[PDB]
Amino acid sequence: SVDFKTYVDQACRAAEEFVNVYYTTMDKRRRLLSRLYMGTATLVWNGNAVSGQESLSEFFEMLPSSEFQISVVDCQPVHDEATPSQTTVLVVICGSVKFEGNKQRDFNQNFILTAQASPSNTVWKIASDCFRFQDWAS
């Protein structure tokens, strides 16, 4: 129907741009971060589930101030059989973060982005998110 490469190119573009917006917002405009998530989105944060945009808003306000350094991004178009009639992209991130009052740490994060067509540009939002520190048991 459409060439696979089209989906791969779309996935890379959406992910690279989204990741830049996401961690810039996290570090420098935390109150806007929840606008990057779908209303029903969840986050599993070091084994802790947070459900819904309003609960995500609260959780992000409670987290200390952050400085993230992102070193690795990979992404893939998600097969239509898993997300019928819905354009989605898996994004995987590795980096480090310094939270205020805490030692610097390495982390891995993955999330699924979904495309929301609009009168102007298609907007990508997080439908589901997962975050874990490399050294979470310390």
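Residue positions are given as counts along the sequence shown, with the first one as 1.
Averaged over Cα atoms, the B-factor as recorded in the entry is higher for 1 to 9 than for the other of 1 to 9 and 128 to 136.
Of the two segments, 101 to 109 and 88 to 96, the one listed with the higher mean B-factor is 101 to 109 (C-alpha atoms only). Of all the options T83, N46, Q76, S55, the entry's greatest CA B-factor is assigned to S55. Among the modelled residues of its chain, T122 has a C-alpha B-factor that falls in the highest third according to the deposited record. Among the modelled residues of its chain, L36 has a C-alpha B-factor that falls in the lowest third according to the deposited record.
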